[PDB]
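The chain that follows stands alone, in the form deposited without the named molecule, written as structure tokens.
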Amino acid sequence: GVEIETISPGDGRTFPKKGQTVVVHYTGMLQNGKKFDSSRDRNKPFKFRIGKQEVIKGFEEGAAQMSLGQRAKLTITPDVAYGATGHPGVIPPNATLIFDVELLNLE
């Protein structure tokens, strides 16, 4: 599953709903802190819809637990990331992933 360690608190009133577009900045890393993806490096906030499987299950689940403005570290185990396969070239098999996620807006 997903564990969340808060970095900055959110507002505690605005949580993502099912189907809702959330806008985040994120950095996706392997368990050693090696970055494999970052919206920050693109200078473009990333949008996806909660519960529509547009991102890995753990990312979606983690963001659903966050309130607007919150920044959190998500620890995501392989069964809710890329599993035993992994992502060839990108994510090794059975990889635990760490995402630094900031919830910037809900649409």
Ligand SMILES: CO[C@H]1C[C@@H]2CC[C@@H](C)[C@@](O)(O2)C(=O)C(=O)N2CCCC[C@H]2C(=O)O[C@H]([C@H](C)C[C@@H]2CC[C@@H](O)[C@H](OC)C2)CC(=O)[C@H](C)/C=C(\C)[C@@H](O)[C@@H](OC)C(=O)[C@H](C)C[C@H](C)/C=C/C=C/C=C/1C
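Residue numbers run from 1 along the displayed sequence.
Beyond what is shown, the protein has a form deposited with the named molecule bound; the following relates to that form.
At the 4.5 Å threshold, heavy atoms of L68 stay clear of the named molecule in the deposited bound form, well away from it. Using a 4.5 angstroms threshold between heavy atoms, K17 stays clear of the named molecule in the deposited bound form. Among heavy atoms of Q53, some come within 4.5 Å of the named molecule in the deposited bound form. In the deposited bound form, the named molecule sits within 4.5 Å of a heavy atom belonging to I91.
If you take 82 to 101 and check each residue for a heavy atom within 4.5 Å of the named molecule in the deposited bound form, you get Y82, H87, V90, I91, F99, in sequence order.
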